[PDB]
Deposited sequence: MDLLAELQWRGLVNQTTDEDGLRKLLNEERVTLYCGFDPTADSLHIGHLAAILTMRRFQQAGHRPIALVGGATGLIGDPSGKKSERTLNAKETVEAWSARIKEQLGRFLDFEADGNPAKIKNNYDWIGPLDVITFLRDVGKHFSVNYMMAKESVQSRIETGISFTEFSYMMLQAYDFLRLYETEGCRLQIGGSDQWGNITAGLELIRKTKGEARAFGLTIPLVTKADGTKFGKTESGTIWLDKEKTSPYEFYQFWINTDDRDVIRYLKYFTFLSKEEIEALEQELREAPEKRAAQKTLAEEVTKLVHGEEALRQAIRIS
């Protein structure tokens, strides 16, 4: 209602399976929602932040978030938003990386809350022990190849080429939504822009097995210059302070272009509309001051690294 209208205002709603339906439910009950994160490195990056903080916002409005670590799916690989087939990492690598990500994930959510404390879960727990026969019949019977070929993730790759491995990924994620729906009462799955197909596939699986759940995607973070958000000369802006120091993290944000700063305050910050509007006017009236830019950098560095880390960054600068 207001949560959804605020998200909209901020620009965090790219698509929704049924907006009136979802608004309705959000307003009547504590909603269990989840977001998936696959270990494709030993650290999350700012590419994951919008999804992460959106979870947070759902928590603050009294909803229950589950952050899903992709122990199983990180072993297959999501073709979504990828132009090329990816290399398979080893169980050992994925296993190690999952442990870390779980750690960064925990920072942004509340586990002490009573009524809506978060849960962090690993899909290896239920995909790990599943036999192929069970999977091909219990999940696979529900999907036609024609339904799947049409998916943006796949359509985007059959000439380019795609192994059966990645083509099957959507089933796995489809299955995660069903398990979570059943064992945790999860009625909403959220994700970046590229996840629409995987989300709706989970909804198709639910619908077809139960005959009630919704999906929301966050839009791709844009730049006015038309370059790749997070694409620095430095390489990725990690959330691991040993890969990207707090000072570097802080400088990345401080260097936001005047053109982007207001979209970024709305996306990554917990500042009100009224604080954000005010900074817009100050951005207009005194743009050499860089008030919106320092506000962003302080807010986001604090979020990710905390105050002492912030304090260091500022004094180092």
(request) Residue ranges with no C-alpha coordinates, please: along the deposited sequence, counted from 1, in order. (result) 212-213
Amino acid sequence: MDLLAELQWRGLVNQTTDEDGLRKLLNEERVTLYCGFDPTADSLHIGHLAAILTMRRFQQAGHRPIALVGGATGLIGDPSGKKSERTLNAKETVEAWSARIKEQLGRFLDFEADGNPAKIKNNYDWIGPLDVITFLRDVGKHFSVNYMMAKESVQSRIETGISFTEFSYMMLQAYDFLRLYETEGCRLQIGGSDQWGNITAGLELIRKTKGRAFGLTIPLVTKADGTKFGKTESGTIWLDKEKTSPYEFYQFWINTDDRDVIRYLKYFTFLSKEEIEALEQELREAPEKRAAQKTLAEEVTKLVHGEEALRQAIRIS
From here on, numbers count along this sequence of modelled residues.
(message) Please compare 90-98 with 220-228 and say which has the higher mean C-alpha temperature factor in the record.
(response) 220-228
(request) Would you determine, from the values in the PDB entry, which of 243-251 and 151-159 has the greater average C-alpha temperature factor? (result) 151-159
(request) Select one of 284, 56, 48, 63: the residue whose C-alpha shows the highest B-factor in the crystal structure entry. (result) 284
(message) Just the C-alpha B-factor column, please: which of 22, 13, 300, 309 has the biggest number?
(response) 309
(request) Divide the modelled residues of the chain into thirds by Cα B-factor and specify which third, lowest, middle or highest, holds residue 136. (result) lowest
(message) Among the modelled residues of this chain, does the Cα B factor of residue 84 put it in the lowest, middle or highest third?
(response) highest
(message) For the chain shown, is the CA B-factor of residue 166 in the lowest, middle or highest third of its modelled residues?
(response) middle
(request) Can you work out whether the C-alpha temperature factor of residue 27 puts it in the lowest, middle or highest third of the chain? (result) highest
(request) Using the B-factor values recorded in the entry, state whether the Cα atom of residue 5 falls in the lowest, middle or highest third among the modelled residues of its chain. (result) lowest
